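For reference, the chain that follows is the form solved without 2-oxoglutaric acid, supplied as C-alpha cells.
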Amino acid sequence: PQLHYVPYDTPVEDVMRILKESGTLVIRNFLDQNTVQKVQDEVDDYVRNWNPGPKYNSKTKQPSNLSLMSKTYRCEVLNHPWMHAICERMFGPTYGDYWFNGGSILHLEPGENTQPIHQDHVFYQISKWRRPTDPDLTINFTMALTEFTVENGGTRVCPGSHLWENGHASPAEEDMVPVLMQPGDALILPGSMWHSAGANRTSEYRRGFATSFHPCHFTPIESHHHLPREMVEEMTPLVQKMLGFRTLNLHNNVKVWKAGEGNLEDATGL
C-alpha cells in the first residue's frame, strides 16, 4: 500500500477502495482557499478580542468548540458532502447513523517535537474486541490551513498499518510517510491508521483543523448542549443531528438518544 493523492472529483467507490486498501488518502482541494481563510478568521476573532497594534495607544478568550467559535464550520464545513458520503459508506451498513465525535484547530508551534505515533481509536475500549477487517470506530478529516511539509512537522502516516492486529507494535519512525499538503487539502484518517505529527523545525506555525465522526451508539468527545439555541436553529437538520441535537437511528432501526419514546428534536421544538 501507499499514500494516495486524489483530486476532488474522484469517484466515491474509488475513495472507499483506496481507504480499504491503504487505510488513508488525501483529497486535494477538499476546501477552497476562502473557506480556509474564513475558519481562521472566525477562530482568531473569538479567542482574541484584542490584537497588538503598531505602537502603544475580555482581552482574550479560552478556546471552545469549533462549531461555537466558527460559524462557517458549523454551517458550511460540517455540511461537507464528501465527509457525509464517506461516513455513510463506512458506518451505515454496520452501525447506521453517525455523528460528530470531536474537532479542533491544529497548531504546531515552532520547535515543537514529534508527536508519538498512535491510532485514533485507542481510547475506545471496544477496540480490543475489533478485528482489522471490521468497520472503523471513528474517522477524522484533517484539513490543512498552512501547507504541510516535512519541515514544519506535517502529518505522517504508515499505509497498511490499519490492517495490523490489536497487539501490533507501533510503526518505526523510518517507515512513516509524510503527508505533503497545500491549504484546502484534507487527509482522511480512519481510527485504525497509525499516524503522528512531525517535529516543526521551521520558524512558522503549522496550522490545520480537524473534523471527526463516529457511529451513533458511541459517546462523542464534545457535547454541544451549551451552545445558544439561536445558534442551534441556524444549523441544517443534518448538522443538528451531527452535534447531538436530534435522535439517531440504529441499523436495526432502534432509536438512540431519544426523547422518551419520541424524537429529541420534537420535544425541544427544533
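Rigid core here is just the name for the largest C-alpha set that superposes within 1.5 Å across the two forms. The first residue of the shown sequence is 1; numbering continues from there.
The same protein has a further form, the form deposited with 2-oxoglutaric acid bound, not shown here; the description that follows concerns it.
Not one of 30, 114 and 136 is positioned with any heavy atom within 4.5 Å of 2-oxoglutaric acid in the entry with it bound. Of the residues given (83, 90, 158, 106), 106 alone sits with a heavy atom within 4.5 Å of 2-oxoglutaric acid in the entry with it bound. Checking 49, 34, 62, 223 against 2-oxoglutaric acid in the entry with it bound, a heavy atom within 4.5 Å turns up for just one residue: 62.
Shown alone, this chain has one stretch from 195-203, 90-98, 167-175, 126-134 that lies within 4.5 Å of 2-oxoglutaric acid in the entry with it bound by heavy atoms: 195-203. Not displayed here, 2-oxoglutaric acid is kept clear of residue 185 by more than 4.5 Å at the level of heavy atoms in the entry with it bound. Using a 4.5 angstroms threshold between heavy atoms, residue 118 counts as touching 2-oxoglutaric acid in the entry with it bound. Of the candidates 229, 48, 28, 217, the Cα that moves 2 angstroms or more after core superposition between this form and the one not shown belongs to 48 alone. Comparing the forms between this form and the one not shown, the C-alpha position of residue 64 differs by 2 angstroms or more, with the core used for superposition. Legend note: Cα of residue 108 to Cα of residue 63 is at least 3 Å closer in the entry with it bound than in the depicted form. Between residue 108 and residue 48, the Cα spacing is smaller in the entry with it bound than in the shown form, differing by no less than 3 Å.
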